[PDB]
């Protein structure tokens, strides 16, 4: 008699090894190859060349930078240690599971990258202040716990919706500030780290959104419209919360109206990644041209 006897008795199917010689879904390999081929670490960018421009930024500019980036750090802490991991048990293929392990690791790299920027540029009180701020900010804690409630729930398709909205709407909206500052010749090296993150996030939201589309299409037409209604209700909830977050972060700098156009731009893109038309008319999504061009 062994402690593992009941486990084995209740698990009679074989444990399987992943076989890359048979690929049920070619997209899994395409995305594996793309994401692994894009591996990077923040140390490859010389953020220390941003010390001059950081020191010339205003107190309001530096405060917004600390808070936006600590919020992003929070999101990718969640996405690497809880979100991507939560998608593994529901994978359609073993190759998709392998892709989620890459995504979890790269989210840790993303999260670390913000500390590399902070440790190079910011003061010790500034860093401590931002982390304590992030733990008490009601809008940031609310968006985090809303997304995590789906990761910790038992509906696989809702986890993929939550993930895609986190990546394509919440995280993408945080790219406003580095892109703005870089188009003004500030924090230009930090923006290069952000572009590496964007190069990953673009693929993450497309791929998990693709998997969501493939899953919901297996359902009845009535069940599909129930998932679409769920998605639109959650999107609008997160958008309203993001409006408040945005006013609080950007009102003093005066960037709020353009960031709100960017929110609507990114909300439509997140819905598109899930196979749905946008919640906003296109002419409400006109973020300034530099921002978009700065993305790449």
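Throughout, rigid core stands for the largest set of C-alpha atoms superposing within 1.5 Å between the two forms. Residue numbers count along the first chain shown, from 1.
Once the rigid core is used to overlay the structures in 5 other deposited structures of this protein, the stretch among 6 to 14 and 21 to 29 whose CA atoms lie farther from this form is 6 to 14. Comparing 198 to 206 with 173 to 181 by root mean square Cα distance to the shown form in 5 other deposited structures of this protein, with the rigid core used for the fit, gives 173 to 181 as the more displaced stretch.
Stretches 37 to 45 and 227 to 235 differ in mean C-alpha B factor, with the higher average recorded for 37 to 45. As recorded in the PDB entry, 213 to 221 is the stretch of 213 to 221 and 86 to 94 with the greater mean C-alpha temperature factor. When the Cα B-factors of 186, 132, 145, 158 are read from the PDB record, 186 comes out highest.
Per the PDB record, 23 has a higher Cα B-factor than any other of 15, 274, 18, 23.
When all modelled residues of the chain are sorted by CA temperature factor, residue 242 is found within the lowest third. In this PDB entry, the Cα temperature factor of residue 172 sits in the middle third of its chain's modelled residues. Residue 108 sits in the lowest third of its chain by CA B factor, as recorded in the PDB entry.
Per the deposited record, the Cα B-factor of residue 62 falls in the lowest third when ranked against the other modelled residues of its chain. Among the modelled residues of its chain, residue 269 has a C-alpha B-factor that falls in the middle third according to the deposited record.
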